[PDB]
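Engineer:
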Amino acid sequence: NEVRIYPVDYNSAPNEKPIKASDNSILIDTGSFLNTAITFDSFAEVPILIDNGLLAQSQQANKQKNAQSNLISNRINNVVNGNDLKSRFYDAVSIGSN
Amino acid sequence: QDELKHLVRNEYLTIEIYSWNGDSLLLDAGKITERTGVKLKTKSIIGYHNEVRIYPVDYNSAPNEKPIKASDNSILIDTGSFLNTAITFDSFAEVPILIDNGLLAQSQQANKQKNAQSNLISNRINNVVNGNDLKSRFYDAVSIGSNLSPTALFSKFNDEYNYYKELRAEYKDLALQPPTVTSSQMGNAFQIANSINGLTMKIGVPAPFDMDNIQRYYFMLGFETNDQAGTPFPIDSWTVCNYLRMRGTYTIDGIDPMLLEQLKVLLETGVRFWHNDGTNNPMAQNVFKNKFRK
Amino acid sequence: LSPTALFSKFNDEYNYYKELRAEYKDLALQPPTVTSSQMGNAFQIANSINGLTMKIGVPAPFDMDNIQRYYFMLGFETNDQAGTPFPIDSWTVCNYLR
Numbered sequence: 344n345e346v347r348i349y350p351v352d353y354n355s356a357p358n359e360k361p362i363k364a365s366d367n368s369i370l371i372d373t374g375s376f377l378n379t380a381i382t383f384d385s386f387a388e389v390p391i392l393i394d395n396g397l398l399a400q401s402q403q404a405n406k407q408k409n410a411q412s413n414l415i416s417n418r419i420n421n422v423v424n425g426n427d428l429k430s431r432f433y434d435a436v437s438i439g440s441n
Numbered sequence: 295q296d297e298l299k300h301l302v303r304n305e306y307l308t309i310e311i312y313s314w315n316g317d318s319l320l321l322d323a324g325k326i327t328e329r330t331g332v333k334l335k336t337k338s339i340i341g342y343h344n345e346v347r348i349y350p351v352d353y354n355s356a357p358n359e360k361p362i363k364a365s366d367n368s369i370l371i372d373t374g375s376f377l378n379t380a381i382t383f384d385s386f387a388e389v390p391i392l393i394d395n396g397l398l399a400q401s402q403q404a405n406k407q408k409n410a411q412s413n414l415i416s417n418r419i420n421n422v423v424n425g426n427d428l429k430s431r432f433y434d435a436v437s438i439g440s441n442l443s444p445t446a447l448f449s450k451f452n453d454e455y456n457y458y459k460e461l462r463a464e465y466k467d468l469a470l471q472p473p474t475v476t477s478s479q480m481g482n483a484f485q486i487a488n489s490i491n492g493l494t495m496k497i498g499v500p501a502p503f504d505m506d507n508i509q510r511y512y513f514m515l516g517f518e519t520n521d522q523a524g525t526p527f528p529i530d531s532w533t534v535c536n537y538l539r540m541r542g543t544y545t546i547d548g549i550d551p552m553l554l555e556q557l558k559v560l561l562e563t564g565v566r567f568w569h570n571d572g573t574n575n576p577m578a579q580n581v582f583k584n585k586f587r588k
Numbered sequence: 442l443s444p445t446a447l448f449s450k451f452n453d454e455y456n457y458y459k460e461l462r463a464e465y466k467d468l469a470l471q472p473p474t475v476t477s478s479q480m481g482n483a484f485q486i487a488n489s490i491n492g493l494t495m496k497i498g499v500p501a502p503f504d505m506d507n508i509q510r511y512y513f514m515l516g517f518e519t520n521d522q523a524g525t526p527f528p529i530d531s532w533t534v535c536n537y538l539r
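Residue numbers (the entry's author numbering), protein chains in the order written: chain Y, 344 to 441; chain Y', 295 to 588; chain Y'', 442 to 539. A prime marks a further copy of an entry chain.
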């Protein structure tokens, strides 16, 4: 048992055509389509009579999840400075013998 | 068009081959020879242990490469990466078995964490050159001449050099968004539920306005080529704009030395030529119409 | 009595060529994939490639030309301390010295 919930029309450019079978069902929805989607797993579990049965839920909990939180910005490394414009303006006015 | 054949690069255009189990290939758009487009080849084992490995063909493979083969003529080692950068389809499926206390190997595989690269760094990040030196040299060259013109001369200078170094992208993106890496305990089962049990290719393209900006940039600024000791190619090549940036020891016949120095510095800064169109303002034209032959 | 234009005749390939230097050296063309099949070596036996494979990565001809031109024109770096410079007229055409 598993559920995967994904946004629709997300990061999908207009005019995109979603592939479908003869049934007309949308096999591949437009956009990320589970590339960035929530994965609901382990609907539940209850202790079972059989002993020595390792809980697969325990193993899944041992597995570590990783999720991004913030996005970096491109312009961090390179930033332009306006001192050049001030210098050019000063030179332009000064060269005029004003 | 031919002018934009170079536009097929990793950052601008993305092609992503996804196996919904969680594995991804993220083939970079570049290095795909125009001779043969994307052509995936699969090597598989089916039996006691089942596995598929799908790799691009003629990818990062220089021409004249010879692929080793046996007497059967089968290609044992295909040219290029050849599974060094390839998608690994595993766990075709699994169903619960009657035998109890049988640890699911699929569970152990899901516990194992997959790692896939998403973006490429750029070499020139740490070291970046600044054009202030050229401006200082030009100012010194003009001033040492005792020219009665004021410093406002240097004000007429234009500096797109720094702006266009700024516009350069720090990180190139192979895929539009990072690939998710989580393997379901059941395994491939989920894909079978929706009848999508197979590889899926998705193409990411820039928006039309960004594409227009990229086209304008490349048409106006030419293509970078750090050739050493090479004669500049014929200036009158493209119809409209032929950007050129030289830096070397040269002298035009019958030229005043100071004018030669000014021309040298100005070219080092980078000068754009607009071909005449028999109009009042040939400098203003539809750049997109620029074509290869003059 | 010459003006500052004298300094304009100066040439500065020093900064350009420090810029051209590579930040990261690459041992392999692309990063090696690290994933071990559960079966193990089995897969390689399927295609009869059960053994080591050596692959050689070489620069493209134009990049090779650029590298050759660079080294021929700029010599080889050697931070010798308190050493007499070697005979200038060694190579046929170009003998860069700093």
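We put the CB at the ideal spot given by N, CA and C, even for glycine.
Reducing DSSP to helix, strand and coil, say where residue 299(Y') ends up.
Structural biologist: For the purposes of this step, residue 299(Y') is taken as residue 5 along the second sequence, with counting starting at 1. Note: residue 299(Y') maps to helix in three-state DSSP.
Engineer: On the CB-based measure, 16 or more other CB atoms within 10 Å of its CB, does residue 492(Y') come out buried or exposed?
Structural biologist: Position 198 of the second sequence, counted from the start, is the residue given in the question as residue 492(Y'). Residue 492(Y') should be labelled exposed.
Engineer: Roughly how many angstroms separate the alpha carbons of residue 497(Y'') and residue 357(Y), rounded to a whole number?
Structural biologist: Start at 1 with the first residue of the third sequence, and residue 497(Y'') comes out as number 56. Start at 1 with the first residue of the first sequence, and residue 357(Y) comes out as number 14. Cα to Cα, residue 497(Y'') sits roughly 44 Å from residue 357(Y).
Engineer: Thinking residue 354(Y') and residue 333(Y') are a contact (beta carbons under 8 Å), I'd like their distance in whole angstroms, please.
Structural biologist: Position 60 of the second sequence, counted from the first residue, corresponds to residue 354(Y'). Position 39 of the second sequence, counted from the first residue, corresponds to residue 333(Y'). Actually they are not in contact, since the Cβ atoms of residue 354(Y') and residue 333(Y') sit about 14 Å apart, beyond 8 Å.
Engineer: Going by other Cβ atoms of all chains shown within 10 Å of its Cβ, with 16 needed for buried, is residue 512(Y'') buried or exposed?
Structural biologist: To locate residue 512(Y''), count along the third sequence from 1; it is residue 71. By the neighbour-count rule (16 or more Cβ atoms within 10 Å), residue 512(Y'') is not buried but exposed.
Engineer: Kindly indicate which residue of 422(Y'), 526(Y'), 532(Y') and 586(Y') has the alpha-carbon position closest to the one of residue 456(Y'').
Structural biologist: The count along the third sequence starts at 1 and reaches residue 456(Y'') at position 15. Nearest option by C-alpha distance: 422(Y').
Engineer: Please state whether the Cβ-Cβ distance between residue 316(Y') and residue 386(Y') is less than 9 Å.
Structural biologist: The residue given as residue 316(Y') occupies position 22 in the second sequence. The residue given as residue 386(Y') occupies position 92 in the second sequence. Cβ distance not < 9 Å, so residue 316(Y') and residue 386(Y') don't count as in contact.
Engineer: Rounded to whole angstroms, what's the CA-CA distance from residue 494(Y'') to residue 320(Y')? Just pull it up for me.
Structural biologist: In the third sequence, counting from the first residue as 1, residue 494(Y'') sits at position 53. In the second sequence, counting from the first residue as 1, residue 320(Y') sits at position 26. When rounded, the distance between both Cα atoms is 24 Å.
Engineer: Which of helix, strand or coil does DSSP assign to residue 270(Y')?
Structural biologist: In this structure chain Y' extends from 295 to 588, so residue 270(Y') is not present and cannot be described.
Engineer: I'd like the span of the alpha helix (DSSP H) that includes residue 563(Y'), first residue to last.
Structural biologist: Reading the second sequence from its first residue, position 269 is the one you call residue 563(Y'). Element bounds for residue 563(Y'): 551-563.
Engineer: Whole angstroms are fine: how far does the CA of residue 384(Y') sit from the CA of residue 399(Y')?
Structural biologist: Sequence index remark: in the second sequence, residue 399(Y') carries index 105 (1-based). Sequence index remark: in the second sequence, residue 384(Y') carries index 90 (1-based). Between residue 399(Y') and residue 384(Y'), the C-alpha separation is close to 12 Å.
Engineer: I'd like to know whether the C-beta of residue 389(Y') is nearer than 9 Å to at least one C-beta of chain B.
Structural biologist: The structure shown contains no chain B; its protein chains are Y, Y' and Y''.
Engineer: Whole angstroms are fine: how far does the CA of residue 571(Y') sit from the CA of residue 535(Y')?
Structural biologist: Within the second sequence, numbered from 1, the residue matching residue 535(Y') stands at position 241. Within the second sequence, numbered from 1, the residue matching residue 571(Y') stands at position 277. Near 12 Å, if we compare the C-alpha coordinates of residue 571(Y') and residue 535(Y').
Engineer: Would the stretch 331-348 of chain Y' and the stretch 406-419 of chain Y' be scored as touching if the rule is three or more Cβ pairs under 8 Å?
Structural biologist: No: the two stretches stay apart, fewer than three of their Cβ pairs being nearer than 8 Å.
Engineer: Pull the bridge partners of residue 346(Y) from the DSSP assignment, please.
Structural biologist: Mapped onto the first sequence, residue 346(Y) falls at position 3. According to DSSP, residue 346(Y) bridges with 383(Y).
Engineer: Measuring only the C-alpha atoms, how far is residue 529(Y') from residue 461(Y')?
Structural biologist: Locating residue 529(Y') in the second sequence gives position 235, counting from the first residue. Locating residue 461(Y') in the second sequence gives position 167, counting from the first residue. Between residue 529(Y') and residue 461(Y'), the C-alpha separation is close to 26 Å.
Engineer: Could you tell me whether the Cβ of residue 340(Y') comes closer than 9 Å to any Cβ of chain Y?
Structural biologist: Position 46 of the second sequence, counting from 1, holds the residue named residue 340(Y'). Residue 340(Y') does not count as touching chain Y.
Engineer: Mapping the DSSP letters down to three states, classify residue 429(Y') as helix, strand or coil.
Structural biologist: In the second sequence, counting from the first residue as 1, residue 429(Y') sits at position 135. Note: residue 429(Y') maps to helix in three-state DSSP.
Engineer: Compile a chain-ordered list of the residues in the stretch 378-405 of chain Y whose CB is closer than 8 Å to at least one CB of chain Y'.
Structural biologist: Going along the stretch 378-405 of chain Y in chain order, one finds 378, 379, 380, 382, 384, 393, 395, 396, 397, 399, 402, 403 and 405 with a Cβ nearer than 8 Å to chain Y'.
Engineer: Would you say the stretch 367-374 of chain Y' touches the stretch 464-479 of chain Y', given that touching needs at least three Cβ pairs under 8 Å?
Structural biologist: In short, these stretches do not touch, since the Cβ pair count stays below three.
Engineer: Give the residues of chain Y' in contact with residue 468(Y''), contact being defined as C-beta atoms less than 8 Å apart.
Structural biologist: Within the third sequence, numbered from 1, the residue matching residue 468(Y'') stands at position 27. None at all; the shortest Cβ gap to chain Y' is about 13 Å.
Engineer: Which class does residue 451(Y'') belong to by DSSP, given the choice of helix, strand or coil?
Structural biologist: What you label residue 451(Y'') is simply residue 10 of the third sequence in a count that begins at 1. If DSSP states are grouped into helix, strand and coil, residue 451(Y'') belongs with coil.
Engineer: Take the Cβ of residue 359(Y') as the centre, count every other Cβ of all protein chains shown within 10 Å, and call the residue buried at 16 or more, exposed below.
Structural biologist: As a first step, residue 359(Y') must be located in the second sequence, where it is residue number 65. By the neighbour-count rule (16 or more Cβ atoms within 10 Å), residue 359(Y') is not buried but exposed.
Engineer: Please check if any C-beta of chain Y' sits within less than 9 Å of the C-beta of residue 517(Y'').
Structural biologist: Position 76 of the third sequence holds residue 517(Y''). Judged by the 9 Å Cβ criterion, residue 517(Y'') is not in contact with chain Y'.
Engineer: Would a check of beta-carbon distances place residue 423(Y) closer than 9 Å to chain Y'?
Structural biologist: Working through the first sequence from its first residue, we reach residue 423(Y) at position 80. Taking Cβ atoms only, chain Y' reaches closer than 9 Å to residue 423(Y), which makes this a yes.
Engineer: Using DSSP bridges, identify the partner residues of residue 567(Y').
Structural biologist: Numbered from its first residue, the second sequence carries residue 567(Y') at position 273. DSSP, once it has assigned bridges, lists 536(Y') as partnering residue 567(Y').
Engineer: Can you tell me whether residue 412(Y') is buried or exposed, with buried defined as 16 or more other CB within 10 angstroms of its CB?
Structural biologist: As a position in the second sequence, residue 412(Y') is number 118, starting the count at 1. Looking at its Cβ environment, which holds fewer than 16 other Cβ atoms inside 10 Å, residue 412(Y') is exposed.
Engineer: Name, please, each residue of chain Y'' whose Cβ falls closer than 9 Å to the Cβ of residue 559(Y').
Structural biologist: Looking up residue 559(Y') in the second sequence gives position 265. Ordered by position in chain Y'', the residues that pass the 9 Å Cβ test against residue 559(Y') are 449.
Engineer: Which residues in the same chain as residue 312(Y') place their Cβ atom closer than 6 Å to its Cβ, once the five residues preceding and following it in sequence are excluded?
Structural biologist: To locate residue 312(Y'), count along the second sequence from 1; it is residue 18. Correct list, in chain order: 318 and 494.
Engineer: Tell me, which residues are paired with residue 466(Y') by DSSP?
Structural biologist: As a first step, residue 466(Y') is located in the second sequence; it is residue number 172 there, counting from the start. Residue 466(Y') is bridged to 414(Y').
Engineer: Specify, as a first and last residue, the run of the beta strand (DSSP E) that residue 505(Y') falls within.
Structural biologist: Here residue 505(Y') corresponds to residue number 211 of the second sequence, with the count starting at 1. Element bounds for residue 505(Y'): not the beta strand (DSSP E) but the alpha helix (DSSP H), 502-515.
Engineer: What are the boundary residues of the alpha helix (DSSP H) that residue 309(Y') is part of?
Structural biologist: Residue mapping note: residue 309(Y') aligns to position 15 of the second sequence, counting from 1. That residue, residue 309(Y'), is in no alpha helix (DSSP H); its beta strand (DSSP E) goes 308-312.
Engineer: Give the DSSP-derived three-state secondary structure of residue 363(Y) in the structure shown.
Structural biologist: Translated into the one-based positions of the first sequence, residue 363(Y) becomes position 20. The answer is strand: DSSP assigns residue 363(Y) an E or B state.
Engineer: Measuring alpha carbon to alpha carbon, tell me which of 506(Y''), 442(Y''), 449(Y'') and 473(Y'') ends up nearest residue 431(Y').
Structural biologist: By 1-based counting over the second sequence, the position of residue 431(Y') is 137. Taking only the C-alpha atoms, the option nearest residue 431(Y') is 449(Y'').
Engineer: Using a C-beta cutoff of 9 Å, does residue 539(Y'') count as contacting chain Y'?
Structural biologist: One-based indexing of the third sequence puts residue 539(Y'') at position 98. Judged by the 9 Å Cβ criterion, residue 539(Y'') is not in contact with chain Y'.
Engineer: Quick one: is residue 532(Y'') buried, meaning 16 or more other Cβ sit within 10 Å of its Cβ, or exposed?
Structural biologist: Translated into positions along the third sequence, residue 532(Y'') becomes position 91. So residue 532(Y'') ends up on the exposed side.
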